[PDB]
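First structure 1, then structure 2: two forms of the same chain, each alone, as structure tokens.
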Structure 1
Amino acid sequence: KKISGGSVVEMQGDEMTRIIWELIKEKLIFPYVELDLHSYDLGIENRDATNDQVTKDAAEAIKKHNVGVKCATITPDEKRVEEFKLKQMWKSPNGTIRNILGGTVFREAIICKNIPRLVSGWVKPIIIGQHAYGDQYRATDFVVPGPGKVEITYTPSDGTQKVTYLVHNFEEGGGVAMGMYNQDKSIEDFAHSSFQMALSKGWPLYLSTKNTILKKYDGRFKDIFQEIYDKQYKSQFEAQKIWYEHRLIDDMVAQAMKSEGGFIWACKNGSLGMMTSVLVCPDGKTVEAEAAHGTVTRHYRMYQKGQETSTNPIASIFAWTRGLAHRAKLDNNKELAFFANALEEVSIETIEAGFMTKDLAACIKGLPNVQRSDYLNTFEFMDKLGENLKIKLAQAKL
């Protein structure tokens, strides 16, 4: 019988990814895994009908059950408001979910030996996480119409003396100026998420800053990461033969173009079908996995007109496998953990054996010289994955 998988929050989406999402469940997940599935429909029509309440409920569910897997969704704009006759221009579901969960987003390209890469030496991927700039963040920028002083001041709540910094004296002409800020707590959450990410994947962790220029702003990221590491993670890192190190952003871009890959890169600041995303909350317990791409509207329109499509499902499949692998980790569920690994290997192996969608065939041959016999359409490719998955799991039972 099937693997007992536990509690998973699933979020259905829109357009081409909604189609692929249901194929993934039907052909690759549901035949092998039984889940206590908390399923929320974030399709644009349901978000409109529920006044976006379904989106906030999904976020709350992810908070409670720790594991979310999300399908790409339409973020409305004025054209979408017309297309769907929306009540309002609903905010992005990803923005709403992130604001409720906090955490840092890590992006990871899936590597196939036969698919050309930027750096030829990159055997293992680089997992990049950017300091979340949030949706309630806002820099304060304005036009400087003419000569005068721009100053930035800090007034302590504790009543001690106010501090004034000259930003620039405009002696002739005008220009622009702005102020930015970050709270210690965001930086701490960023450090924790990054340390947990590195511990989970078993790779070393690099933070890059410009603390040679922004000695105080970037110095704070550097210091807070270092303090949290030494005090809470160093021994854990050593236990797994990994490390954490700060790097100047220049030394980083070098170190990486010459490296083999296989590390986590946090910074402050290739086919989209192979890019995964995961929201890692600072608690180390809660994650939300998704494809890094959108709903592939262009393909969806072809699908509506009954034309043949070739949409890459890999990023969407890995959203499931990262979600299930984290669930297996929380529950100490060995069988689910093997399943999630096996499905990742089947996906990669299928491409590496020469069965792939048109985006990948074009990477290999060049778009001008791709032929229909070089690639599989969306449904043929899912069918091939499904057959290779069955073979892989029968081999595992020997």
Structure 2
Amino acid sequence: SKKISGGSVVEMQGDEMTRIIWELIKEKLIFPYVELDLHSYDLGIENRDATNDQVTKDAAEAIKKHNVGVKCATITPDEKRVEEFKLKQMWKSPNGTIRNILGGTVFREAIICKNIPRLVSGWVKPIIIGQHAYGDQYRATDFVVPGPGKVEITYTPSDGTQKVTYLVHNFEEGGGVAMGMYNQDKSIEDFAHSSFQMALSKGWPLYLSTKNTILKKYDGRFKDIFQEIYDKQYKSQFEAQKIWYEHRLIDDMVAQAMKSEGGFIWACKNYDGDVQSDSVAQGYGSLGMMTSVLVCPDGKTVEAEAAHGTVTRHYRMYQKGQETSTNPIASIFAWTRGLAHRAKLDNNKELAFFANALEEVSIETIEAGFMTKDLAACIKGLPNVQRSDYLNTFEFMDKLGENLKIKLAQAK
């Protein structure tokens, strides 16, 4: 009779074809059933340029205040984009910026449809990657070494005691490159807690990967912190659910994951999580069918995003009124994951039911054979797909909407 009152959500609008899909999702799938107190931040490239990227920081601050953010894919400028949009600077990726402000762990997991074939034969249960969202390469200082000379890294305590100087390399034959990077104890502790809690929440074992055989001090610190927290705070809960936590060397881990059946949480350092989550998503059948949710250290704030790109080539055709077949699932599940968290915070049973029903309809629709071109290509091979094998962007969104209406009405 009346729409679900859904509460406060921070929306981060994006670019190009994902921006188009984003507005379709709202128009056809969300707003006909849900009324929201939407706090909207335009992270389009033109508004980021207009505001000297201030809108991105304001959006992150709004997520802290309202505890739920949902983010559309954005352009990370390069030189070509600077020329295309006459940018004032080559602005940094909003995702890096938001993650650095909020902190936490990005959990990434495939979105699985029975008729979309896996590439890895054994993966019959899901693999959830928890990517530490702070530090390491993403805050590093790198530079070109122009010629022979010495590179050192130093630590000067703030409390006035004596410095320590570590030789990096004496460049004796030429130049090269060098870099320093760091991470913080508290961030690592938050990463550990989020990983143990996720594993207990799903009832799956947890592995952390490092390369502490080589980086005995840097990666040893991750290994040590996880083990201490596990022993003192989570081990008895794990044993009660008959699950476990173990550290693994990263190269052992990627091979162990390859040969596994799935069904574990995989805690990754920032870089490894960035890389391995794409490998895993592709192994489940489609790189694009993936959820990506930043879980912040306060245990109450979340940011759900559509991972990967803005699909520029489809946007160019759309702008010319040409037919496209853009997969909206990752954008839809950014909304449903955000709304499901909003519902849990508010004990809003109607919104929780809605968010889960939309995820069900999305998967059921694809499983009934209605699907965009990229998914049909998973089944038949891309050079072999014909027009009758798939739905265009609007046909697919319309089929979702008609299936969502049926699902919500049947439950009433």
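For clarity, a rigid core is taken as the largest C-alpha set superposing within 1.5 Å between two forms. Residue numbering: sequential along structure 1, first residue numbered 1.
Can you tell me which of these residues, 325, 199, 281, 110, is the one whose C-alpha shifts by at least 2 angstroms between structure 1 and structure 2 after a rigid core fit? It is 199.
Would you say residue 101 moves its Cα by 2 Å or more between structure 1 and structure 2, aligning on the core? No: residue 101 shifts by under 2 Å between structure 1 and structure 2.
Once the two forms are fit on the core, has residue 123 moved its CA by at least 2 Å between structure 1 and structure 2? True for residue 123: a C-alpha shift of 2 Å or more.
For residue 75, state whether the C-alpha moves by 2 Å or more between structure 1 and structure 2 after rigid core superposition. False for residue 75: its C-alpha shift is below 2 Å.
If the rigid core is lined up, how many Å does the C-alpha atom of residue 383 shift between structure 1 and structure 2? Rounded to one decimal, the shift is 0.5 Å.
Core-aligned, what does the C-alpha of residue 223 shift between structure 1 and structure 2, expressed in angstrom? Value for residue 223 between structure 1 and structure 2: 3.9 Å of C-alpha shift.
Keeping the rigid core fixed, work out how far the Cα of residue 241 travels between structure 1 and structure 2, to one decimal in Å. Once the two forms are fitted on their core, the shift reads 7.5 Å.
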